[PDB]
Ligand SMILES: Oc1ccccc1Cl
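In the form deposited without ligand 2CH, a lone chain appears below as C-alpha cells.
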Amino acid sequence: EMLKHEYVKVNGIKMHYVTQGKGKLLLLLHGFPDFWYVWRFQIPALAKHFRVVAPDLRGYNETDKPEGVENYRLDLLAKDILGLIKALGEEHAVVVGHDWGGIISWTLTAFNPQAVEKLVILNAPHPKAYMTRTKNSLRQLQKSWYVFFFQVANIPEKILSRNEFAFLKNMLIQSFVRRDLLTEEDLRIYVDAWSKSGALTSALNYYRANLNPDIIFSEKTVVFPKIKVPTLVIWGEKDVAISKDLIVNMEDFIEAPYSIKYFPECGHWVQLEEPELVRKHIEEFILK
C-alpha cells in the first residue's frame, strides 16, 4: 500500500483526504492547528488492518473554506463527516477524533449513532461537559484565555500569522511534553497548511461559532443525547488546553460500554508523544 491523496464532494463542500489500507472505514479527525498530517505516525500502522481515511476538516489545508462564522457551527461540521462516510460508499465507520476532531466525533456519535461503529476520543472534552463545567471551573476559564482571544475579529489572525506564524509555533511547542517533536521539515509542512488562503480565519471560526462567551455562559441547558456506541477516551493528563475537571464523570454522558486510558506523562498531543501506545490502544479496541 501507499499513501494516496483524494478529493470528494460532501454536503456541498470539496474535502481533501489522505487514505491507505483496505477493510473497515477508520476515520482519523484532526483539530487546531493541525490537518491530516498530525496522523503521520498512525496512518501506516493502522493501514495494515483498516481502510484509514484522514481528512482535512472544513476550512483547513486542501479542503473548501466557506466564508462566515455560521458555516463552522458544530452541526454543519458533524454533517460533513456523516456525508464523508456516505461518499466513501459505507454505512458506518470507526471514528477517531483529536481536539476539534474529537468534539465533532462526540457530536456525530450522539446525533447519528447508526453511522458510527466505535468512537475513539483523544483529548477532546464532551461538548455537554464543556458547556456545563467550564463556567464553573476557574482552571478551565484560565486555560481557555486563548478561546476568548480568538473571538475578536482580524487581530488574532494578524498576531498568529505574523513572522511566519511564530506565535502559533510557540503556542504549539509550549503544549508538548516531548522535546524536538516537530522537525524543521515538519514546521515547513505545517506553515504551508497554515498559509492556505482563508485557512486561519476558517480555523478560528470554530471558536467564534461554538465557544463564544454566549455559549460558554449560557444559562440554557444543552440537549445532547447519550452516547450509545462503544467508546474509548485516550487522555494525556498534562493538557495545557483542558482541565481534568472536564473529563471526570463521563458516566452521565455514555450509556454504551466505555473505557478511559490516562497517559499521565503526555499532554494534549498524546498521538505525537506516545505514537505507538496510542496506535496499539486504538487497534486493540477495534480488533477486540
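All residue numbers are counted from 1 along the displayed sequence.
This protein has a second form, the form deposited with ligand 2CH bound, left out of what is shown; the following refers to that one.
Chemist: Whether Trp39, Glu274 and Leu277 jointly form a contact site for ligand 2CH in the bound PDB entry is the question; each needs a heavy atom within 4.5 Å.
Modeler: No residue of the spot touches ligand 2CH in the bound PDB entry.
Chemist: Select from the listed residues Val120, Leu84, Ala78, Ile103 the one whose heavy atoms reach within 4.5 Å of ligand 2CH in the bound PDB entry.
Modeler: Only one option qualifies, and that one is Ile103.
Chemist: Between the options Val229, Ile242, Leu57, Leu26, which residue brings a heavy atom to within 4.5 Å of ligand 2CH in the bound PDB entry?
Modeler: Among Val229, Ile242, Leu57, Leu26, a heavy atom within 4.5 Å of ligand 2CH in the bound PDB entry occurs only for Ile242.
Chemist: To test your reading of this chain, name the stretch in 177-185, 203-211, 109-117, 86-94 whose heavy atoms come within 4.5 Å of ligand 2CH in the bound PDB entry.
Modeler: In the other structure, the partner sits against 203-211.
Chemist: Taking heavy atoms only, is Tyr130 within 4.5 angstroms of ligand 2CH in the bound PDB entry?
Modeler: Within the cut-off, so yes.
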